[PDB]
Amino acid sequence: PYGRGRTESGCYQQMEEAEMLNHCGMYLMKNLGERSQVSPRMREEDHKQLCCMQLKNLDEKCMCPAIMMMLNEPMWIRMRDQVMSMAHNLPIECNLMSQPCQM
């Protein structure tokens, strides 16, 4: 499902500047803390192309090691515990972190 590859600050720093896994996070963070209570039909955006977008703006080497740091930003701590697995196949189905970093 993942790999092992540590390194100093890099892609992460380029991530905040190009918050790639920030919008795809809201979709996963929309049930992590949102008044499910809904009078009308429903309501909920979908940014799966805005993440798969900037994710490309990043390097193919930032599509695995960076993600880790993505869930370390000032918006991914405990609520990310869910966006962790959710954003584990989202970036893979895009070929971002499919299986780049291995053992």
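Residues numbered from 1 in each chain as written, not as in the entry; some residues may be left out. Heavy atoms only, no water.

For this deposition, the record names solution NMR as the technique by which the model was determined.

Looking only at helices and strands, the chain features five helices and zero strands. Tracing the chain from N to C terminus, the helices and strands come up as α-α-α-α-α. The principal-axis extent of the C-alpha atoms belonging to the chain is close to 50 × 25 × 25 Å. Summarising the internal contacts of the chain: among those between residues at least 6 apart in sequence, 80% fall at separations of at least 24. Carbon and sulfur atoms make up 47% of the accessible area of the chain, which totals about 7800 Å². A distance of 7 Å separates the average location of the 11 positive side-chain charges in the chain from that of its 13 negative side-chain charges. (Helix = DSSP H or I, 4+ residues; strand = E, 2+ residues; numbered from the N terminus. Contact = heavy atoms within 4.5 Å. Areas by Shrake-Rupley, 256 points an atom, 1.4 Å probe, with all protein chains shown as cover. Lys, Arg positive; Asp, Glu negative; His and termini not counted. Charge placed at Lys NZ, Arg CZ, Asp CG, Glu CD.)

This next bit is on the state of the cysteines. Counted under the stated rule, the structure contains four disulfides. The disulfide bridge from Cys 24 ends at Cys 51, spanning 2.0 Å between sulfur atoms. Of this pair, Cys 24 sits in helix α2 (residues 23–28) while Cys 51 sits in helix α3 (residues 51–57); the two residues are 27 residues apart in sequence, bridging distant segments of the chain. A residue is classified by how much of its surface remains accessible, and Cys 24, at 2% relative accessible area, is buried. Counting only the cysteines that form disulfides, in the order they appear in the chain, gives the pairing 1-5, 2-3, 4-7, 6-8. (Disulfide = S-S within 2.5 Å. Buried < 20%, exposed > 50% of the residue type's maximum accessible area, 1.4 Å probe, protein only.)

Moving on, we come to the UniProt feature "disulfide bond" in the chain. In this model the UniProt disulfide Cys 52-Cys 94 is closed, its S-S distance of 2.1 Å falling under 2.5 Å. With a gap of 42 residues between them, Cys 52 in helix α3 and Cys 94 in the segment after α5 (80–93) connect regions that are remote in the sequence. A relative accessible area of 27% places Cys 52 in the partly exposed class. For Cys 94, a relative accessible area of 28% corresponds to the partly exposed category. Inspection of the UniProt-annotated bridge between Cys 64 and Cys 101 gives a sulfur distance of 2.0 Å, within the under-2.5 Å criterion for a formed disulfide. Taken as a pair, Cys 64 in the loop between α3 and α4 (65–70) and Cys 101 in the segment after α5 lie far apart in primary sequence, 37 residues in all. (UniProt positions renumbered as here; feature names shortened; annotations may be inferred.)

By the secondary structure assignment, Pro 91 is in helix α5. As for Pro 91 and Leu 55, which are separated by 36 residues in sequence, their C-alpha atoms are 8.0 Å apart. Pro 91 has contacts with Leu 55, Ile 67, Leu 96, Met 97 and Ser 98, leaving out every residue within four places of it along the chain.

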